[PDB]
Amino acid sequence: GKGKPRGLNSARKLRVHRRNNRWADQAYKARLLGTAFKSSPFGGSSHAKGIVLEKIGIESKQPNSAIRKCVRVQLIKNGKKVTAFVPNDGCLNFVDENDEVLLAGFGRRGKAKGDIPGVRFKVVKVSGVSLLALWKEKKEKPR
Amino acid sequence: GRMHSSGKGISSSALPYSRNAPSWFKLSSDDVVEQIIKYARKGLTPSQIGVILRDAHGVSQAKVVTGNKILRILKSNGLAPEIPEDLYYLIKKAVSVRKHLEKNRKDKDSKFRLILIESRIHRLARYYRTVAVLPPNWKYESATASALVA
Amino acid sequence: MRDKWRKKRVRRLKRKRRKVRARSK
Amino acid sequence: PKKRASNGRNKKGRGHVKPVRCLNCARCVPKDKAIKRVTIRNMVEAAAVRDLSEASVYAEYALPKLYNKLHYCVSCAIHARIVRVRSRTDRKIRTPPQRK
Amino acid sequence: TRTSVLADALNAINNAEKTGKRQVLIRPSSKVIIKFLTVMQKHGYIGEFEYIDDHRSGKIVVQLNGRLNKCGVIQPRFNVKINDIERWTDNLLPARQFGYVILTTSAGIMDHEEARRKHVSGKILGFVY
RNA sequence: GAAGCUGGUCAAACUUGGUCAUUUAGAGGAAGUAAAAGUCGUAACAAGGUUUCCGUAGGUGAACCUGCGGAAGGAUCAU
RNA sequence: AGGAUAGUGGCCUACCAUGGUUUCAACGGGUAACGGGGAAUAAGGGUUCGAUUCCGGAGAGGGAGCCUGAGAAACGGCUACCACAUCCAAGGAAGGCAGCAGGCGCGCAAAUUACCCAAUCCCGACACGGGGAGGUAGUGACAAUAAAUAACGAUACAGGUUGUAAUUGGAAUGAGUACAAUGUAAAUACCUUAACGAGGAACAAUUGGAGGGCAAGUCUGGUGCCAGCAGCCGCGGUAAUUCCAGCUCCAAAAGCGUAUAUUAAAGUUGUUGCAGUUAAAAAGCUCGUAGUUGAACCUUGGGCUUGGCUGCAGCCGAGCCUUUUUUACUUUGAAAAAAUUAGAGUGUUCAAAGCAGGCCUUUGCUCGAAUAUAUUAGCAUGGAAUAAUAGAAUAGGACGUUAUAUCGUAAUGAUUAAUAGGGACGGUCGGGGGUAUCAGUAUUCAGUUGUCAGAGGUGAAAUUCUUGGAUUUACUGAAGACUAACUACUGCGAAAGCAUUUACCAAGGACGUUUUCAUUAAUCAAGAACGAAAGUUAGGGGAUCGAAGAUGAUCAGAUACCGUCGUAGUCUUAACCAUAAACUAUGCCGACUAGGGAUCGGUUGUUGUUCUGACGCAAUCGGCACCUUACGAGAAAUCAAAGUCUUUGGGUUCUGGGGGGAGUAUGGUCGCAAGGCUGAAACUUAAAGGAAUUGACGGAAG
RNA sequence: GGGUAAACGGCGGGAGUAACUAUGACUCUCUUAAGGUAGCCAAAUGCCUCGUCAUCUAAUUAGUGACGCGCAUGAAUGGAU
RNA sequence: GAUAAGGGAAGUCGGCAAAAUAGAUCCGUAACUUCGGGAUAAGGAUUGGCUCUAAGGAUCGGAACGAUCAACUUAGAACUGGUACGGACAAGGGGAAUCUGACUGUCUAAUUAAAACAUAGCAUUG
Ligand SMILES: CC[C@H]1CN2CCc3cc(OC)c(OC)cc3[C@@H]2C[C@@H]1C[C@H]1NCCc2cc(O)c(OC)cc21
Ligand SMILES: CC[C@H]1CN2CCc3cc(OC)c(OC)cc3[C@@H]2C[C@@H]1C[C@H]1NCCc2cc(O)c(OC)cc21
Ligand SMILES: [Mg+2]
Ligand SMILES: [Mg+2]
Ligand SMILES: [Mg+2]
Ligand SMILES: [Mg+2]
Ligand SMILES: [Mg+2]
Ligand SMILES: [Mg+2]
Ligand SMILES: [Mg+2]
Ligand SMILES: [Mg+2]
Ligand SMILES: [Mg+2]
Ligand SMILES: [Mg+2]
Ligand SMILES: [Mg+2]
Ligand SMILES: [Mg+2]
Ligand SMILES: [Mg+2]
Ligand SMILES: [Mg+2]
Ligand SMILES: [Mg+2]
Ligand SMILES: [Mg+2]
Ligand SMILES: [Mg+2]
Ligand SMILES: [Mg+2]
Ligand SMILES: [Mg+2]
Ligand SMILES: [Mg+2]
Ligand SMILES: [Mg+2]
Ligand SMILES: [Mg+2]
Ligand SMILES: [Mg+2]
Ligand SMILES: [Mg+2]
Ligand SMILES: [Mg+2]
Ligand SMILES: [Mg+2]
Ligand SMILES: [Mg+2]
Ligand SMILES: [Mg+2]
Ligand SMILES: [Mg+2]
Ligand SMILES: [Mg+2]
Ligand SMILES: [Mg+2]
Ligand SMILES: [Mg+2]
Ligand SMILES: [Mg+2]
Ligand SMILES: [Mg+2]
Ligand SMILES: [Mg+2]
Ligand SMILES: [Mg+2]
Ligand SMILES: [Mg+2]
Ligand SMILES: [Mg+2]
Ligand SMILES: [Mg+2]
Ligand SMILES: [Mg+2]
Ligand SMILES: [Mg+2]
Ligand SMILES: [Mg+2]
Ligand SMILES: [Mg+2]
Ligand SMILES: [Mg+2]
Ligand SMILES: [Mg+2]
Ligand SMILES: [Mg+2]
Ligand SMILES: [Mg+2]
Ligand SMILES: [Mg+2]
Ligand SMILES: [Mg+2]
Ligand SMILES: [Mg+2]
Ligand SMILES: [Mg+2]
Ligand SMILES: [Mg+2]
Ligand SMILES: [Mg+2]
Ligand SMILES: [Mg+2]
Ligand SMILES: [Mg+2]
Ligand SMILES: [Mg+2]
Ligand SMILES: [Mg+2]
Ligand SMILES: [Mg+2]
Ligand SMILES: [Mg+2]
Ligand SMILES: [Mg+2]
Ligand SMILES: [Mg+2]
Ligand SMILES: [Mg+2]
Ligand SMILES: [Mg+2]
Ligand SMILES: [Mg+2]
Ligand SMILES: [Mg+2]
Ligand SMILES: [Mg+2]
Ligand SMILES: [Mg+2]
Ligand SMILES: [Mg+2]
Ligand SMILES: [Mg+2]
Ligand SMILES: [Mg+2]
Ligand SMILES: [Mg+2]
Ligand SMILES: [Mg+2]
Ligand SMILES: [Mg+2]
Ligand SMILES: [Mg+2]
Ligand SMILES: [Mg+2]
Ligand SMILES: [Mg+2]
Ligand SMILES: [Mg+2]
Ligand SMILES: [Mg+2]
Ligand SMILES: [Mg+2]
Ligand SMILES: [Mg+2]
Ligand SMILES: [Mg+2]
Ligand SMILES: [Mg+2]
Ligand SMILES: [Mg+2]
Ligand SMILES: [Mg+2]
Ligand SMILES: [Mg+2]
Ligand SMILES: [Mg+2]
Ligand SMILES: [Mg+2]
Ligand SMILES: [Mg+2]
Ligand SMILES: [Mg+2]
Ligand SMILES: [Mg+2]
Ligand SMILES: [Mg+2]
Ligand SMILES: [Mg+2]
Ligand SMILES: [Zn+2]
């Protein structure tokens, strides 16, 4: 009989069994455990500001061979230290020590993207100016 | 089948379609009743009374002749036992097994069988209590079981 | 490595952890 | 996957079978799994059955046989070519080989 | 154990029809089995059927005419309001023009079209097409 | 009929103790993963060159080795 | 019983009982929890959200106590404490933006210290006053509606009577600006509207992309595993379709991209509707309480009359005649806030909306502002199938409407016995169990005897024992183990497991039965019994093998494989441990679907057979299996179940949700310990994996 | 000649190395035998020594927790609890 | 033998000596554990006098009631006082750890009471 109760009065058993078994679904488990609230560096937010500590080059994973140019950022809201990728050709020259950068994820929702190892965030703005605007010379860095 | 085993045997009796006495049967509905009471006073259980009746008297079924089942007739004549027959034989078997177990402590098979027999006793006694054949406070006690089936 | 020996290695390491914690109870 | 429906032994409707030692290496092998061969060989080789009959003091003396039942593990038997690797479809054939 | 004699009866009918047999034996019988068969027979999905009295639950021999695609029970017998009949017929029947969901209503055991005619509803019991 | 007084009542608040809960330092110890395929060997995959694996128990630089009982997922559906 | 309260009430007091809730989840903990109307997404079923335009609750920095009053435990009221904090002449005094605006701080994250009571309403002694309630404008790409950035000719060409590609014309218009009027409390804007307002109509559309997924380049230059891109797969090492650019093209467009959450996709949470032999996953095996689920059976058929609706039939309703207690469920109804949803009407210029509006032009006439949905619970109601429940068994039973405890009425009252179960009984049948008991040779060790040079072990050796007689030989004895051959695709048991004889003890399946009871049953959280080997504790035994150890070989090294010894152990008695590839890697109960020959146990009928038994031939029930086929299933291997599963529902328990981290850490619990059971997360990762195919290889076979 | 360490007792000296640095996981030979295993430690046992690190204090040759080539720790001369 | 402002071990080799605690009733009690303990752990409240109230029994009489007789215990309340009250007497200080011996026990009468001896348990020998 398919291994689950079918009786008209077995709604409690069906509801409890489903409730027990949804904990095997990591999306449900992460939503109810609040891991983003407790464990995520951003605390569940989409973006987060921070201060650039140092500019660091990270070797890409095999089979790729390159130096992904990231920064070490200390978040203002909680003081945690994260590594954030600086996208596009030469935008590392736009990022200086002790700058305030707005960060966001890579879109893989907490996982590293591509060949970049251990990096889960990217720089969106620096010194309050969009990195895309700086790259395309639409605006200038206030200095 | 086999509540407490994996057997699936189907052997049993097949009652005839006819619900009337055979044409060759000549005894009256009374003479069977006095024969039943005579054997019940000799101490036979209803199963044995029916066995002696068909084996030696041609009474194929006591119901098709007398009109009542054997235990129903004994209860109508005050000869019904206090403990029902099947529960009595189950308790007697449990008494025999427990008595063997106290002398053979390493008989783990007998310990397992005793658990099966006693579970079957408790299920049957629960039924008899729900149908008010046994008192609602009736309980099977291993210590005092030998007295009932003495 | 073989699963049986991996299990044995982990059992010995749990044993060590318990013995180490017992020093300070 | 499953190679044999019999799991390489002959245990059905049974829990445990006591072991036997391989004749060649003394390995413990279940009695149903062991490769067993019954051999009845002449005790005297056919070359010597003549000179021993001539040296015999008895007229019409029958040479006794040698009865033996040999148990092999799978490795003993495969190595000694008592059994050989068969094709996937030929594995199912369990009649004695038609040689005798 | 034996929890649904209607399920056993319909399973036997389905297996005989799938194997091309023109008759099937059902044991045990019951009123629900007979009235389910009467609904199938009235709509032509089975032929004549026969009740055999054995001073017990009984037996039935059904004549099959090859028109039956599938008959089955719905366990459990859900309570069905009139507005739920549409959901059941949508899920169970192959098309909107043929097939029947059998209900047991206080007006009797009947197919969903007759139930709509007399504006009654009960518990779902099975289907046939 | 004011201040005030007696005894109650509701009871904020502080000190100590207990408990619950959430974060965090730490000499040292012991891990995991990622990186590169650096040193030592060759345990597994072929009968992997001692068939492999399971439970258990000893031993050992390391893979691992050995005993006992199992399994075939065997290298035998078979005499 | 009182007190208190506006009043009921352990609301409080006194006395007295010992009660009340809970596996149908109490109590505790968490909530990044105010509840609901609702919102997003949606085939259906669902999943997620709701601080926030309405309703209810609560609070006014945290607590607490009050005054006044009909109404407050009020804070734009007071009192006190705590925390903040203002002025001070140092004696003192005054505070509460979670109202409006505004500031700081916090942060990814959110607007003016503007105008007004004109509207909506409220308050007051009130036609008159007040209202940051509210309205108006400002900021405002939160979302939503409509909708510009051009249109048309002639030449010139190309082209098959017309679609364009260019250089040549005359028209059109609002974006913007503005008299003015309207709007409005006053303005702003909208709507109208003089004059102005378009050729590069510079009055100039952007955001992302062009390897695949995925629509659109194998163009040109630059770089050269760098720089970079790339959600994923991947691109880049000198002709890069992927980077940086130019050209060209593609998609959506006043919008387009990115991050995060969520929904669909996801039948990857599965009630509908998953999977569990081998991919993750059937508990080692039974018992068992709650839970879930449970054979059949009790007014059916017939006859007559009649109402309604669909085109003589058919479909519903009736009404008579035929012997004529509790639920659940389903129908209908009443009562169910608006907004939102669906939906009727209605030219807001269309539309989103709104609830307006329409008439020959009105000293007025006049369609409207529908209707559905809610859904558990409660209320009322029709129906009596399906599923429960009760009744008359020591009769303490029912009727006497007008019967007098008795009497009389009555057909006086008990459903089958399920190829469910339980029990009895009858001949059996088993290597099922326990306790004794009885063999057997072997091994080793010992005693006697006999010879004499080796014996053992190996691929070869060596360790070892040997003229002190080894090894070998016969007889005898003692110890512990173990039960060969017989022995099998055979038996028994819940499994683990069980094999010498006999006795005793208590069990058991199957079969046979015209015996008995009548639902007593199936599966089962909690809770139990048993549970190979190894291991632990303590006695006893310690022949043989033999972890550790010692030793001789091989080897580069092997404290490995091989050889000789060897301690725990192996055996047993009392207890522990609770695990195995505890495997059929396949839960249990029930039904059905296909052929065949064997075989074990029981029973029933029968021989060219040997001597009652054996055998032979037939049936059957139960088992252990096997062979063939594939109706059917499956990814396949394969499967008579792993079939009767998108044509998806017989009952029920357990387990799984990509790979690791990890059966780890932590907490608990059991254990003497070894350890068992329960059991995460951070982080990391694009595969890991299953079955099969071709090849290659193999110290595999032919 | 054999046995015996819960008999007395003993349990060491020597020889090389990892794509920065540091360390050394990586074999045989001698003493009459074996060459210190599990554990534990500047300990009532460590000379150097007031060892080094942490903690405790304003300050600690004291105390505790770590470390360990330990002058000269260590298993019924019983080891660790 | 007593007392001592403020401080409170700065004294000293070292809290030596002294002080502090102390009865009873009620509340509350951690790590660890050989499950027996630790434990009086730690840490709190009360306590007089007087006037009352309630509960707790025996023997007789035929009664869930009467008669007579009788012991000190416990609990509650009011009042009262220079807030005192185990009023003298009597009477634990406590906690976190390390070393060491398991424990109770024993010896150097007359300088050493200990970690020494013994011990149960374990093992060996004849
Ligand atoms: C057990 C350890 C090794 C020791 N060494 C030394 C050199 C050697 C030389 C030989 O030849 C001169 C020789 O003969 C065969 C055997 C040896 C042994 C063989 C053994 C290897 C073993 N593992 C697999 C191979 C194998 C084959 C056998 O036959 C065989 O039997 C004993 C055994 C084996
Ligand atoms: C007359 C008796 C008294 C006099 N007072 C005066 C005040 C005073 C104050 C003290 O300190 C405030 C103090 O300090 C101790 C002692 C005294 C002496 C002690 C003496 C008796 C005493 N004599 C010596 C030992 C002794 C032994 C006993 O058996 C014994 O019992 C009768 C008594 C004694
Ligand atoms: Mg049901
Ligand atoms: Mg059956
Ligand atoms: Mg097994
Ligand atoms: Mg029925
Ligand atoms: Mg119904
Ligand atoms: Mg908490
Ligand atoms: Mg190898
Ligand atoms: Mg190998
Ligand atoms: Mg090798
Ligand atoms: Mg090897
Ligand atoms: Mg070894
Ligand atoms: Mg070996
Ligand atoms: Mg294989
Ligand atoms: Mg009252
Ligand atoms: Mg009261
Ligand atoms: Mg709750
Ligand atoms: Mg909240
Ligand atoms: Mg929403
Ligand atoms: Mg809400
Ligand atoms: Mg909410
Ligand atoms: Mg809300
Ligand atoms: Mg709202
Ligand atoms: Mg509100
Ligand atoms: Mg309020
Ligand atoms: Mg406020
Ligand atoms: Mg306040
Ligand atoms: Mg207010
Ligand atoms: Mg207030
Ligand atoms: Mg205010
Ligand atoms: Mg404000
Ligand atoms: Mg606020
Ligand atoms: Mg423009
Ligand atoms: Mg691009
Ligand atoms: Mg394309
Ligand atoms: Mg190019
Ligand atoms: Mg190039
Ligand atoms: Mg390009
Ligand atoms: Mg992007
Ligand atoms: Mg989803
Ligand atoms: Mg799946
Ligand atoms: Mg596997
Ligand atoms: Mg698996
Ligand atoms: Mg199983
Ligand atoms: Mg069971
Ligand atoms: Mg039911
Ligand atoms: Mg039924
Ligand atoms: Mg029956
Ligand atoms: Mg034998
Ligand atoms: Mg047999
Ligand atoms: Mg079984
Ligand atoms: Mg259950
Ligand atoms: Mg359980
Ligand atoms: Mg022993
Ligand atoms: Mg060697
Ligand atoms: Mg040996
Ligand atoms: Mg033992
Ligand atoms: Mg075990
Ligand atoms: Mg297991
Ligand atoms: Mg197996
Ligand atoms: Mg398993
Ligand atoms: Mg099961
Ligand atoms: Mg079945
Ligand atoms: Mg079925
Ligand atoms: Mg037979
Ligand atoms: Mg028969
Ligand atoms: Mg097959
Ligand atoms: Mg099979
Ligand atoms: Mg997983
Ligand atoms: Mg494969
Ligand atoms: Mg050393
Ligand atoms: Mg050491
Ligand atoms: Mg040291
Ligand atoms: Mg230490
Ligand atoms: Mg010292
Ligand atoms: Mg110091
Ligand atoms: Mg000091
Ligand atoms: Mg120290
Ligand atoms: Mg020493
Ligand atoms: Mg020493
Ligand atoms: Mg002083
Ligand atoms: Mg003082
Ligand atoms: Mg002080
Ligand atoms: Mg001092
Ligand atoms: Mg000092
Ligand atoms: Mg000093
Ligand atoms: Mg000092
Ligand atoms: Mg002192
Ligand atoms: Mg105390
Ligand atoms: Mg002592
Ligand atoms: Mg002295
Ligand atoms: Mg002296
Ligand atoms: Mg002294
Ligand atoms: Zn082998």
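So you know, we letter chains A, B, ... as the sequences are listed, proteins then strands, and number each from 1.
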Problem - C1'-based separation of G/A630 from G/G656 [nearest Å] - result: 32 Å
Practice task
Inspect the contact between B/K93 and B/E118 and indicate whether a charged nitrogen and a carboxylate oxygen are less than 4.0 angstrom apart.
Solution key: no
Exercise for the section: Tell me what A/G90 touches on the nucleic acid: a base, only sugar-phosphate, or nothing, going by heavy atoms under 4.0 Å. Expected result: sugar-phosphate
Practice task
Return one dot-bracket line describing RNA chain F 5' to 3' (Watson-Crick or G-U wobble pairs, both distances under 3.5 Å; ( ) same strand, [ ] crossing, | another strand, . none).
Solution key: ..................................................(((((((((....)))))))))|......
Problem - G/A372 and G/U666 as Watson-Crick or wobble pair, distances under 3.5 Å - result: no
Exercise for the section: Could you tell me if I/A39 and I/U40 pass the stacking criterion of ring centres under 5.5 Å and planes under 30°? Expected result: no
Handout entry: Distance, nearest 0.5 Å, that separates CD1 of B/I117 from CZ of B/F112
Key = 10.5 Å
Exercise for the section: Scan B/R19 against the nucleic acid and name what it touches under 4.0 Å (heavy atoms): base, sugar-phosphate only, or nothing. Expected result: sugar-phosphate
Handout entry: salt bridge (charged side-chain N to carboxylate O under 4.0 Å, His left out) involving B/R113 - partner list, sequence neighbours excluded
Key = B/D109
Exercise for the section: Give me the first and last nucleotide of RNA chain G, going 5' to 3', that has any atom under 4.0 Å from a heavy atom of chain D. Expected result: G/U483 to G/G702
Exercise for the section: Evaluate the base stacking between G/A522 and its strand neighbour G/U523 against centres under 5.5 Å and planes under 30°, returning yes or no. Expected result: yes
Problem - Separation of atom CZ in C/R11 from atom P in F/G58, rounded to whole Å - result: 11 Å
Exercise for the section: Can you sort out the partners of E/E113 under salt bridge (charged side-chain N to carboxylate O under 4.0 Å, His left out), two or more places apart, ordered by chain and number? Expected result: none
Exercise for the section: Evaluate the base stacking between G/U52 and its strand neighbour G/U53 against centres under 5.5 Å and planes under 30°, returning yes or no. Expected result: no
Practice task
Sequence neighbours left out, what passes salt bridge (charged side-chain N to carboxylate O under 4.0 Å, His left out) with E/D8? Give chain and number order.
Solution key: E/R2
Handout entry: Residues that E/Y129 engages under ring pair (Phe, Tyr, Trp, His ring centres under 6.0 Å), provided they are two or more places apart
Key = E/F127
Handout entry: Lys/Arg N to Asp/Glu carboxylate O, E/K21 vs E/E17, below 4.0 Å
Key = no
Exercise for the section: Could you tell me whether A/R68 contacts a base, only the sugar-phosphate backbone, or nothing, with contacts defined as non-hydrogen atoms closer than 4.0 Å? Expected result: base
Completion exercise
Per the glycosidic torsion and the 90° limit around 0, nucleotide G/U349 is syn
Exercise for the section: Based on the glycosidic angle (syn within 90° of 0, else anti), state the conformation of H/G35. Expected result: syn
Practice task
Using the test disulfide (SG to SG under 2.5 Å), find all partners of D/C76 that sit at least two apart in sequence or belong to another chain.
Solution key: D/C22
Problem - Annotated protein contacts, base or backbone, on nucleotides 64-79 of chain F with a non-hydrogen cut-off under 4.0 Å, one of B, S, - each - result: BBB---SSBSBBBBBB
Practice task
Find the partner of H/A66: check Watson-Crick (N1-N3 plus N6-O4 or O6-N4) and G-U wobble (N1-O2, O6-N3) distances, both under 3.5 Å, and reply none if neither fits.
Solution key: H/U52
Problem - Listed partners of B/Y127 passing side chain to side chain donor-acceptor pair (under 3.5 Å), at least two apart - result: none
Problem - All salt bridge (charged side-chain N to carboxylate O under 4.0 Å, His left out) counterparts of D/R9, not counting sequence neighbours - result: D/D32
Handout entry: RNA chain G-proximal residues of residues 3-10 of chain E, any heavy atom under 4.0 Å
Key = E/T3, E/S4, E/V5, E/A7, E/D8
Problem - A/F37: partners by ring pair (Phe, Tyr, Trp, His ring centres under 6.0 Å), with sequence neighbours left out - result: none
Problem - Closest heavy-atom pair and its distance - B/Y17, E/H55 - result: O-ND1, 2.7 Å
Exercise for the section: Looking at every strand, decide which applies to A/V124 at a 4.0 Å heavy-atom threshold: base, sugar-phosphate, or nothing. Expected result: nothing
Exercise for the section: Examine the six-membered rings in the bases of G/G423 and G/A424 and report whether their centres are under 5.5 angstrom apart and their planes under 30 degrees. Expected result: yes
